[PDB]
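> Attaching a single structure in structure tokens format; questions to follow.
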Amino acid sequence: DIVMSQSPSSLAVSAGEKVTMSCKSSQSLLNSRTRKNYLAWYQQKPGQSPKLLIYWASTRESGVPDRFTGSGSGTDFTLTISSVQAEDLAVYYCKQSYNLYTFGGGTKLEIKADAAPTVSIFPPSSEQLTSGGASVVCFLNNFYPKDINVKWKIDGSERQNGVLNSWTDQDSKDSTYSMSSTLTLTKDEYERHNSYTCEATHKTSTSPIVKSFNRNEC
Amino acid sequence: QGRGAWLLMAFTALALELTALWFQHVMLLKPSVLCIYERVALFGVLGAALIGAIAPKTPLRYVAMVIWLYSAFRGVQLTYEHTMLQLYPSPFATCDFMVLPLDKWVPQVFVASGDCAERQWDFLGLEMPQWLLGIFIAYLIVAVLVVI
Amino acid sequence: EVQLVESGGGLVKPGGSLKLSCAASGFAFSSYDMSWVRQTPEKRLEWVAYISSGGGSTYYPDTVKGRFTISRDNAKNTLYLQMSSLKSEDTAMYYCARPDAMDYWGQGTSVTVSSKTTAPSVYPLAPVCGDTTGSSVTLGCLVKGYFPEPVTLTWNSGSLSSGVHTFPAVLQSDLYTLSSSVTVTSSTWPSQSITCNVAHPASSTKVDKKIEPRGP
Ligand SMILES: COC1=C(OC)C(=O)C(CC=C(C)C)=C(C)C1=O
């Protein structure tokens with residue numbers, strides 16, 4: 001078929017800049033009759049259906065801000081977004097519709113000042129326990145940049161086997177990561193100690209933000 | 001409304017379907033696409049006029065109406081998508097040919113070998129199917145809005 | 001104004017079968033054409049089927065031609081994709097799209113192809129049992145030991161939507177496990193109720209968990 005191939009995989013930019021990623025197709029996309037370049041650009045927000053952005057190659061679609069622009073012609077298309085708002089976190093896909101429908105691989109436009117991670121620890125839930133297991137989690141909301149070494153503490157003695165995380169893909173309104181580590185024990189091994197906590201180390205200052213609780217009551 | 005107000009139009013449809021045929025064989029110009037399907041549309045229009053004419057009379061003139069209505073409206077929708085399919089060609093296409101004998105019971109006007117050159121210098125900023133679309137409105141908008 | 005909601009598909013075994021319907025609503029249905037796009041686990045985007053306005057012609061990539069069937073019924077306004085001989089390649093999210101250039105896209109039905117469904121366990125996460133009031137109280141919801149992806153976690157029937165994080169399920173063993181934070185003013189919690197709704201489609205599970213404080 002035709003092969004669409006975009007470069008680069010990813011772009012960073014500080015909120016309000018010009019970005020011009022590129023889409024190149026294996027086959028020319030021009031008709032003899034009418035300069036009609038039969039390529040579309042679709043933007044797709046994190047966990048959303050793609051949205052139509054530009055068709056034909058140049059022409060924008062109902063409620064596309066002038067800032068997204070489509071240049072290109074033949075085998076060589078380029079999408080250009082001036083004044084990058086925060087709600088422009090997306091992968092941008094090009095599609096050919098000259099002979100069947102093919103897509104590019106995608107270009108992730110992730111946004112670029114730091115902020116302090118906001119930890120909060122959460123004990124097992126009664127029922128989880130009375131159903132034969134015990135899991136302890138703490139969320140690290142609204143931090144930036146990505147890098148954060150979160151360390152669990154059992155009163156002070158620090159074990160690791162069974163501590164599985166996950167970073168949200170960068171927020172679109174506030175444009176900053178999050179995270180969530182889960183320490184997952186057996187029902188009975190949980191009351192081995194009393195005090196529990198977790199710490200960040202995130203580089204707003206490497207003064208490891210701590211948030212704690214202690215078993216007994218809960 | 002006699003043998004004239006039909007035999008004129010019955011002639012007027014030869015004054016196109018042969019006009020078209022000129023291209024096939026002189027200005028070769030082979031192609032068809034839906035154009036053969038469209039040739040048929042005017043050989044429907046004939047019937048109407050030629051029947052509204054030959055044995056006029058006052059009963060059969062009611063028949064001639066509907067058939068002078070059908071193959072014109074049919075004409076349009078055939079010339080329309082045919083036109084559309086340029087101002088808007090569809091990511092798929094096909095480029096096919098093929099099919100009472102449509103193909104058989106005539107060769108020189110019922111054969112369809114449009115092998116797709118994505119180009120036609122159909123005169124005056126309008127393609128044949130683009131003209132023919134109009135002329136077919138000029139038979140539909142008669143029939144109804146200038147007859148019944 | 002114009003809507004599409006595809007649905008009806010979770011897990012299916014290799015060689016399997018299963019049919020999805022895009023419930024179309026809010027445009028001159030019988031006049032447009034319809035298409036069926038899936039998105040792979042790599043986040044890749046493959047076009048899958050295309051039916052013409054009047055069900056006349058259909059088209060398919062060679063990769064599903066034969067195994068897949070794009071019907072429509074403008075009586076009940078639905079589009080259909082009928083999947084057969086199911087390859088574990090077919091494993092993807094399934095969008096239903098509209099062309100004139102896909103201008104109104106659905107939302108997806110995830111479809112996975114593999115060989116063991118598992119209803120998700122849903123535990124509510126109440127904060128420290130200490131009365132220690134801060135200011136912006138965050139509560140959680142925890143979802144554990146399920147197959148397959150995805151789930152659908154909603155705070156208060158979609159009404160709590162502003163100020164919530166839902167972290168990418170992970171692949172310990174062959175069960176996925178996923179967490180959910182939601183911040184909110186201390187004024188708006190305990191007094192006012194806040195519950196976690198979880199929907200496992202690939203198993204039919206409408207587990208509701210109301211976030212309770214911590215009595216003894
Ligand atoms: C394939 O191209 C076409 C022609 O060339 C062979 C025609 O003659 C015609 C018919 C033209 C006249 C003047 C009746 C049409 C509609 C057409 O599409």
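By convention here, the chains of the structure tokens are called A, B, ... in the order presented, each chain's residues are numbered starting at 1, and ligands are numbered starting at 1 in the order presented.
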Would you pick out the contacts of stretch 204-207 of chain A at 8 Å or less, using only C-alpha atoms, so that residues sharing its chain but fewer than 2 positions from it are not included, and give the list as a list in words?
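The filter keeps residues 114, 115, 116, 201, 202 and 209 of chain A.
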> Can you tell me which residues surround stretch 80-84 of chain B at a distance of at most 8 Å, considering only C-alpha atoms, apart from same-chain residues fewer than 3 positions away, and format the answer as a VMD selection string?
chain B and resid 34 76 to 77 87 to 89 127 129 to 130 133
> Export, as a tab-separated table (two decimals), in the first residue's frame, the selected residues with C-alpha atoms.

chain	number	residue	atom	x	y	z
B	34	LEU	CA	-20.85	5.04	-16.10
B	76	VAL	CA	-29.40	12.96	-13.35
B	77	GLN	CA	-28.49	10.61	-10.47
B	87	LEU	CA	-14.82	16.77	-7.35
B	88	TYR	CA	-14.61	13.99	-4.82
B	89	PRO	CA	-13.00	10.73	-6.01
B	127	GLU	CA	-16.51	17.44	-17.98
B	129	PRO	CA	-20.63	14.03	-17.16
B	130	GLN	CA	-20.76	17.59	-15.81
B	133	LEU	CA	-25.83	16.34	-15.65
> As a quick test: using only C-alpha atoms and all ligand atoms, which residues lie no more than 10 Å away from ligand 1? Give them as a PyMOL selection string.
chain B and resi 13-25+27-39+42+75+78-79+82-83+109+112-114+116+120+122+127-133+135
> With only C-alpha atoms considered, list every residue of chain A at most 9 Å from chain B, as a VMD selection string.
chain A and resid 31 to 34 38 96 to 101
> Taking only C-alpha atoms into account, report as a list in words which residues of chain C lie within 12 Å of chain B.
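Those within range of chain B come out as residues 33, 47, 49, 50, 51, 52, 57, 58, 59, 60, 61, 99, 100 and 101 of chain C.
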> Residues of the last selection are to be written out with N, CA and C atoms, as a PDB file, in the first residue's frame.

ATOM      1  N   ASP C  33     -21.501   7.748   4.369  1.00  0.00           N
ATOM      2  CA  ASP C  33     -20.853   6.434   4.386  1.00  0.00           C
ATOM      3  C   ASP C  33     -20.328   6.122   5.779  1.00  0.00           C
ATOM      4  N   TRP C  47      -7.230   1.100   9.346  1.00  0.00           N
ATOM      5  CA  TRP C  47      -8.587   1.204   8.817  1.00  0.00           C
ATOM      6  C   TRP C  47      -8.995  -0.213   8.531  1.00  0.00           C
ATOM      7  N   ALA C  49     -12.805  -1.371   7.632  1.00  0.00           N
ATOM      8  CA  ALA C  49     -13.908  -1.632   6.729  1.00  0.00           C
ATOM      9  C   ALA C  49     -14.562  -0.333   6.329  1.00  0.00           C
ATOM     10  N   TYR C  50     -15.254  -0.380   5.205  1.00  0.00           N
ATOM     11  CA  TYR C  50     -15.938   0.789   4.690  1.00  0.00           C
ATOM     12  C   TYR C  50     -17.180   0.337   3.989  1.00  0.00           C
ATOM     13  N   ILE C  51     -18.322   0.824   4.449  1.00  0.00           N
ATOM     14  CA  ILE C  51     -19.566   0.577   3.735  1.00  0.00           C
ATOM     15  C   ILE C  51     -20.066   1.877   3.097  1.00  0.00           C
ATOM     16  N   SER C  52     -20.631   1.752   1.898  1.00  0.00           N
ATOM     17  CA  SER C  52     -21.243   2.875   1.198  1.00  0.00           C
ATOM     18  C   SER C  52     -22.603   3.266   1.763  1.00  0.00           C
ATOM     19  N   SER C  57     -21.869  -0.973  -1.872  1.00  0.00           N
ATOM     20  CA  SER C  57     -20.505  -1.502  -1.846  1.00  0.00           C
ATOM     21  C   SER C  57     -19.878  -1.527  -0.423  1.00  0.00           C
ATOM     22  N   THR C  58     -18.989  -2.495  -0.189  1.00  0.00           N
ATOM     23  CA  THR C  58     -18.177  -2.503   1.025  1.00  0.00           C
ATOM     24  C   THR C  58     -16.737  -2.632   0.594  1.00  0.00           C
ATOM     25  N   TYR C  59     -15.790  -2.188   1.428  1.00  0.00           N
ATOM     26  CA  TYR C  59     -14.353  -2.397   1.143  1.00  0.00           C
ATOM     27  C   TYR C  59     -13.542  -2.791   2.383  1.00  0.00           C
ATOM     28  N   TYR C  60     -12.475  -3.550   2.183  1.00  0.00           N
ATOM     29  CA  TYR C  60     -11.645  -3.948   3.313  1.00  0.00           C
ATOM     30  C   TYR C  60     -10.185  -4.034   2.960  1.00  0.00           C
ATOM     31  N   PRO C  61      -9.317  -3.721   3.918  1.00  0.00           N
ATOM     32  CA  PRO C  61      -7.940  -4.077   3.754  1.00  0.00           C
ATOM     33  C   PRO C  61      -7.863  -5.577   3.570  1.00  0.00           C
ATOM     34  N   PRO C  99     -17.106   9.656   7.258  1.00  0.00           N
ATOM     35  CA  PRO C  99     -16.498  10.439   6.182  1.00  0.00           C
ATOM     36  C   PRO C  99     -17.496  11.170   5.264  1.00  0.00           C
ATOM     37  N   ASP C 100     -17.002  12.096   4.432  1.00  0.00           N
ATOM     38  CA  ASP C 100     -17.845  12.996   3.600  1.00  0.00           C
ATOM     39  C   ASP C 100     -18.014  12.558   2.130  1.00  0.00           C
ATOM     40  N   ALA C 101     -12.407  11.023   4.982  1.00  0.00           N
ATOM     41  CA  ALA C 101     -12.062  12.064   5.960  1.00  0.00           C
ATOM     42  C   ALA C 101     -12.967  11.994   7.184  1.00  0.00           C
TER      43      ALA C 101
END
> Compute the chain A side of the contact with chain C at 9 Å, counting only C-alpha atoms, and hand it back as a ChimeraX atom specification.
/A:39-40,42,48-53,55-56,61,93,95,97,100-106,120-128,137,139,141,164-169,178-182,212-214,217-218
> Pick out the residues sitting within 6 Å of stretch 82-91 of chain A, and hand them over as a PyMOL selection string; count only C-alpha atoms, and ignore anything fewer than 5 positions along from it in its own chain.
chain A and resi 15-18+43-45+67+106-110+172-173
> Figure out the distance between atom CA of residue C:202 and atom CA of residue C:119, please, to one decimal in Å.
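These two atoms are separated by 8.5 Å.
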> Can you pull out every residue from chain B that DSSP, working from the backbone, puts in alpha helix (DSSP H), and format the result as a PDB file with C-alpha atoms, in the first residue's frame?

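Output file states_3.pdb is given in full below:
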ATOM      1  CA  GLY B   4     -43.784  18.010 -33.152  1.00  0.00           C
ATOM      2  CA  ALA B   5     -43.525  18.891 -29.454  1.00  0.00           C
ATOM      3  CA  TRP B   6     -42.182  15.330 -29.219  1.00  0.00           C
ATOM      4  CA  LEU B   7     -40.531  14.440 -32.583  1.00  0.00           C
ATOM      5  CA  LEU B   8     -38.434  17.561 -31.976  1.00  0.00           C
ATOM      6  CA  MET B   9     -37.257  16.227 -28.601  1.00  0.00           C
ATOM      7  CA  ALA B  10     -37.074  12.691 -30.043  1.00  0.00           C
ATOM      8  CA  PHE B  11     -34.679  14.201 -32.615  1.00  0.00           C
ATOM      9  CA  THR B  12     -32.966  16.270 -29.913  1.00  0.00           C
ATOM     10  CA  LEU B  14     -30.184  11.794 -31.305  1.00  0.00           C
ATOM     11  CA  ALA B  15     -28.610  15.264 -31.397  1.00  0.00           C
ATOM     12  CA  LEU B  16     -26.635  14.148 -28.347  1.00  0.00           C
ATOM     13  CA  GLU B  17     -26.325  10.358 -28.301  1.00  0.00           C
ATOM     14  CA  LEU B  18     -24.721  10.462 -31.726  1.00  0.00           C
ATOM     15  CA  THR B  19     -22.826  13.658 -30.769  1.00  0.00           C
ATOM     16  CA  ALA B  20     -21.373  11.466 -28.035  1.00  0.00           C
ATOM     17  CA  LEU B  21     -20.788   8.594 -30.506  1.00  0.00           C
ATOM     18  CA  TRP B  22     -18.651  10.891 -32.671  1.00  0.00           C
ATOM     19  CA  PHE B  23     -16.101  10.939 -29.833  1.00  0.00           C
ATOM     20  CA  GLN B  24     -15.920   7.129 -29.521  1.00  0.00           C
ATOM     21  CA  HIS B  25     -14.778   6.705 -33.080  1.00  0.00           C
ATOM     22  CA  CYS B  35     -21.165   6.760 -19.489  1.00  0.00           C
ATOM     23  CA  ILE B  36     -22.599   3.561 -21.094  1.00  0.00           C
ATOM     24  CA  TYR B  37     -25.049   3.271 -18.211  1.00  0.00           C
ATOM     25  CA  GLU B  38     -25.755   6.903 -19.162  1.00  0.00           C
ATOM     26  CA  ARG B  39     -26.088   6.292 -22.904  1.00  0.00           C
ATOM     27  CA  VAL B  40     -28.990   4.093 -21.816  1.00  0.00           C
ATOM     28  CA  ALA B  41     -30.537   7.043 -19.910  1.00  0.00           C
ATOM     29  CA  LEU B  42     -31.019   8.938 -23.231  1.00  0.00           C
ATOM     30  CA  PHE B  43     -32.233   5.781 -25.043  1.00  0.00           C
ATOM     31  CA  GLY B  44     -34.848   5.952 -22.315  1.00  0.00           C
ATOM     32  CA  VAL B  45     -35.552   9.611 -23.142  1.00  0.00           C
ATOM     33  CA  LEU B  46     -35.980   8.698 -26.813  1.00  0.00           C
ATOM     34  CA  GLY B  47     -38.728   6.155 -26.055  1.00  0.00           C
ATOM     35  CA  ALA B  48     -40.669   8.875 -24.225  1.00  0.00           C
ATOM     36  CA  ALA B  49     -40.523  11.504 -27.003  1.00  0.00           C
ATOM     37  CA  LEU B  50     -40.646   9.096 -29.941  1.00  0.00           C
ATOM     38  CA  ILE B  51     -43.741   7.527 -28.259  1.00  0.00           C
ATOM     39  CA  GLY B  52     -45.267  10.874 -27.239  1.00  0.00           C
ATOM     40  CA  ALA B  53     -44.872  11.427 -30.976  1.00  0.00           C
ATOM     41  CA  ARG B  61     -49.328  10.884 -24.050  1.00  0.00           C
ATOM     42  CA  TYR B  62     -49.898   9.937 -20.376  1.00  0.00           C
ATOM     43  CA  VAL B  63     -47.479   7.021 -20.693  1.00  0.00           C
ATOM     44  CA  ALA B  64     -44.863   9.127 -22.484  1.00  0.00           C
ATOM     45  CA  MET B  65     -44.958  11.483 -19.476  1.00  0.00           C
ATOM     46  CA  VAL B  66     -43.688   9.067 -16.835  1.00  0.00           C
ATOM     47  CA  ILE B  67     -41.042   7.465 -19.046  1.00  0.00           C
ATOM     48  CA  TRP B  68     -40.036  11.079 -20.026  1.00  0.00           C
ATOM     49  CA  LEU B  69     -39.798  11.457 -16.276  1.00  0.00           C
ATOM     50  CA  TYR B  70     -38.030   8.261 -15.224  1.00  0.00           C
ATOM     51  CA  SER B  71     -34.980   7.977 -17.477  1.00  0.00           C
ATOM     52  CA  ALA B  72     -34.330  11.710 -17.007  1.00  0.00           C
ATOM     53  CA  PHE B  73     -34.309  11.596 -13.191  1.00  0.00           C
ATOM     54  CA  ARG B  74     -32.315   8.397 -13.589  1.00  0.00           C
ATOM     55  CA  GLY B  75     -30.060  10.284 -15.973  1.00  0.00           C
ATOM     56  CA  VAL B  76     -29.396  12.959 -13.349  1.00  0.00           C
ATOM     57  CA  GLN B  77     -28.489  10.612 -10.468  1.00  0.00           C
ATOM     58  CA  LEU B  78     -26.156   8.694 -12.820  1.00  0.00           C
ATOM     59  CA  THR B  79     -24.484  11.914 -14.147  1.00  0.00           C
ATOM     60  CA  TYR B  80     -24.447  13.349 -10.636  1.00  0.00           C
ATOM     61  CA  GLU B  81     -22.453  10.656  -8.800  1.00  0.00           C
ATOM     62  CA  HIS B  82     -20.412  10.388 -11.945  1.00  0.00           C
ATOM     63  CA  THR B  83     -19.659  14.109 -11.536  1.00  0.00           C
ATOM     64  CA  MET B  84     -19.222  13.900  -7.783  1.00  0.00           C
ATOM     65  CA  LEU B  85     -16.696  11.124  -8.339  1.00  0.00           C
ATOM     66  CA  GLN B  86     -14.259  13.793  -9.621  1.00  0.00           C
ATOM     67  CA  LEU B  87     -14.817  16.770  -7.354  1.00  0.00           C
ATOM     68  CA  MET B 128     -18.976  15.606 -20.195  1.00  0.00           C
ATOM     69  CA  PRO B 129     -20.627  14.026 -17.158  1.00  0.00           C
ATOM     70  CA  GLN B 130     -20.757  17.593 -15.806  1.00  0.00           C
ATOM     71  CA  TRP B 131     -22.503  18.949 -18.911  1.00  0.00           C
ATOM     72  CA  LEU B 132     -24.767  15.884 -19.269  1.00  0.00           C
ATOM     73  CA  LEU B 133     -25.827  16.342 -15.650  1.00  0.00           C
ATOM     74  CA  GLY B 134     -27.220  19.769 -16.631  1.00  0.00           C
ATOM     75  CA  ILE B 135     -28.825  18.735 -19.907  1.00  0.00           C
ATOM     76  CA  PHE B 136     -30.593  15.981 -17.862  1.00  0.00           C
ATOM     77  CA  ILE B 137     -32.004  18.607 -15.566  1.00  0.00           C
ATOM     78  CA  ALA B 138     -33.144  20.259 -18.819  1.00  0.00           C
ATOM     79  CA  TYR B 139     -35.330  17.173 -19.465  1.00  0.00           C
ATOM     80  CA  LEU B 140     -36.439  16.580 -15.878  1.00  0.00           C
ATOM     81  CA  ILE B 141     -37.364  20.201 -15.305  1.00  0.00           C
ATOM     82  CA  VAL B 142     -39.278  20.175 -18.630  1.00  0.00           C
TER      83      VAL B 142
END
> Excluding stretch 74-86 of chain C and any residue of its chain fewer than 3 positions from it, enumerate the residues within 7 Å of it, using only C-alpha atoms, and give them as a VMD selection string.
chain C and resid 14 to 24 29 to 30 67 to 71 90
> May I have the residues from that selection written out with N, CA, C and O atoms, as a short mmCIF file (atom, residue, chain, number, x, y, z; two decimals), in the first residue's frame?

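Writing done, so here's part-v3.cif:
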data_model
loop_
_atom_site.label_atom_id
_atom_site.label_comp_id
_atom_site.auth_asym_id
_atom_site.auth_seq_id
_atom_site.Cartn_x
_atom_site.Cartn_y
_atom_site.Cartn_z
N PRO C 14 -9.11 -17.08 19.95
CA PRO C 14 -8.62 -17.32 18.59
C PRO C 14 -9.59 -18.12 17.75
O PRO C 14 -10.33 -18.96 18.27
N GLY C 15 -9.62 -17.85 16.44
CA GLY C 15 -10.60 -18.45 15.54
C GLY C 15 -12.02 -18.00 15.83
O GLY C 15 -12.94 -18.31 15.07
N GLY C 16 -12.19 -17.24 16.91
CA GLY C 16 -13.51 -16.85 17.40
C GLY C 16 -14.36 -15.93 16.54
O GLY C 16 -14.04 -15.64 15.38
N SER C 17 -15.46 -15.47 17.12
CA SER C 17 -16.39 -14.59 16.42
C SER C 17 -17.06 -13.64 17.41
O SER C 17 -16.97 -13.85 18.62
N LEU C 18 -17.69 -12.58 16.89
CA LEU C 18 -18.24 -11.48 17.70
C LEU C 18 -18.54 -10.25 16.85
O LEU C 18 -17.73 -9.85 16.01
N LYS C 19 -19.70 -9.64 17.10
CA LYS C 19 -20.26 -8.58 16.27
C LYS C 19 -20.51 -7.27 17.05
O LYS C 19 -21.17 -7.28 18.10
N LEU C 20 -20.00 -6.16 16.53
CA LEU C 20 -20.10 -4.86 17.20
C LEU C 20 -21.01 -3.96 16.41
O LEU C 20 -21.08 -4.04 15.19
N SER C 21 -21.71 -3.09 17.11
CA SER C 21 -22.65 -2.19 16.46
C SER C 21 -22.40 -0.78 16.90
O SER C 21 -22.28 -0.50 18.08
N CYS C 22 -22.30 0.10 15.93
CA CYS C 22 -22.17 1.51 16.21
C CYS C 22 -23.57 2.07 16.22
O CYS C 22 -24.24 2.08 15.18
N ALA C 23 -24.03 2.50 17.38
CA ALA C 23 -25.36 3.10 17.48
C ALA C 23 -25.24 4.55 17.02
O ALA C 23 -24.64 5.37 17.71
N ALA C 24 -25.76 4.87 15.84
CA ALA C 24 -25.58 6.22 15.30
C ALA C 24 -26.75 7.12 15.67
O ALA C 24 -27.90 6.70 15.59
N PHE C 29 -28.37 9.82 8.89
CA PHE C 29 -27.63 8.58 8.77
C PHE C 29 -27.55 8.03 7.34
O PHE C 29 -26.45 7.90 6.80
N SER C 30 -28.69 7.74 6.72
CA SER C 30 -28.71 6.98 5.45
C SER C 30 -28.00 7.67 4.28
O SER C 30 -27.82 7.08 3.21
N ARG C 67 -12.73 -12.18 6.55
CA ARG C 67 -13.04 -12.49 7.95
C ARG C 67 -13.96 -11.46 8.57
O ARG C 67 -14.44 -11.67 9.68
N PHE C 68 -14.20 -10.36 7.87
CA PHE C 68 -14.91 -9.18 8.43
C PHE C 68 -16.03 -8.62 7.52
O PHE C 68 -15.92 -8.69 6.29
N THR C 69 -17.09 -8.06 8.11
CA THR C 69 -18.32 -7.77 7.35
C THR C 69 -19.10 -6.49 7.76
O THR C 69 -19.88 -6.49 8.73
N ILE C 70 -18.90 -5.42 7.01
CA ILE C 70 -19.43 -4.14 7.42
C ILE C 70 -20.86 -3.93 6.94
O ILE C 70 -21.10 -3.38 5.88
N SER C 71 -21.83 -4.39 7.71
CA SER C 71 -23.24 -4.15 7.37
C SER C 71 -23.78 -2.90 8.06
O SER C 71 -23.14 -2.38 9.00
N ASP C 90 -6.08 -9.04 15.75
CA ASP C 90 -7.30 -8.21 15.72
C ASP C 90 -7.52 -7.45 17.02
O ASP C 90 -8.28 -6.47 17.08
#
> List every residue of stretch 18-166 of chain C that DSSP, applied to the backbone of this structure, places in strand (DSSP E or B), and write the result as a PyMOL selection string.
chain C and resi 18-25+34-39+45-51+58-59+68-73+78-86+92-97+110-113+118+121-125+136-147+152-155+160+164-166
> So how many Å separate atom CA of residue B:3 and atom CA of residue B:60, to one decimal?
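Going from atom CA of residue B:3 over to atom CA of residue B:60 covers 12.2 Å.
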> For atom CA of residue C:88 and atom CA of residue C:40, quote the distance in Å rounded to one decimal.
10.8 Å
> What's the 9 Å shell around residue A:66, counting only C-alpha atoms, without same-chain residues fewer than 3 positions away, as a ChimeraX atom specification?
/A:60,63,69,81-82
